[PDB]
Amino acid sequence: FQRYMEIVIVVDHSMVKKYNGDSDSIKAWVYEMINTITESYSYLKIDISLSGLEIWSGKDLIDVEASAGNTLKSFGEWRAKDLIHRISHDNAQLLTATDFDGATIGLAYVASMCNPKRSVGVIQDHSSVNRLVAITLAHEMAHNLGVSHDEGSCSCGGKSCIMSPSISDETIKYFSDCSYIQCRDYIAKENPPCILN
């Protein structure tokens, strides 16, 4: 049974600076990522719809911190207080050029699909290869859908897939059988209504 996920991508001010204010360049970068993950999600029978793309060109609407956990929390709260009343969507992801403390390049709440303040994730625009960033984006969204990291013999043809605990050159842009299983059982068990439409 097909599920539909209406998402909004939010681009922060550090990203706008990183791209020298070129809003079109920013749109092309984000669009290519969406193109990539739309395919990956189709194989889990989840249709991705880009409901909106918000760019914080004037200034950030939250304080994006080096602390990934602080930023994630602030982002969800801002989403619930502001964003959901302007655009109807099921999930929102923040794209930032900020380098978070430690090895962290993305963070997200687990099993929180449809929660006003928790159906969110944060991702660092960590690579010049669009594919690597798209994978991180897919990864955090997957955490919202209750999927955990791959391990052992989980595979997607090869063994290094989207839910790999490490992002690299050899990561395959597809979800493993493990991710498929976990994702579908979460939907089956929790059946979040917002992705039913």
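In this text, residue numbers run from 1 along the sequence as written.
The PDB entry records a higher mean C-alpha B factor for 162-170 than for its counterpart among 162-170 and 129-137.
Stretches compared: 41-49, 57-65. Higher mean C-alpha B-factor in the entry: 57-65. Between the residues 103, 123, 113, 84, the entry's highest C-alpha temperature factor is the one at 103. Ranked by Cα temperature factor within the chain, residue 156 sits in the highest third according to the deposited record.
In the PDB entry, residue 7 places in the middle third of its chain by CA B-factor. In the deposited entry, the Cα temperature factor of residue 71 sits in the middle third of values across the chain's modelled residues.
When the modelled residues of the chain are ordered by C-alpha B-factor, residue 90 sits in the lowest third. Compared with the other modelled residues of the chain, the Cα B-factor recorded for residue 175 ranks in the lowest third.
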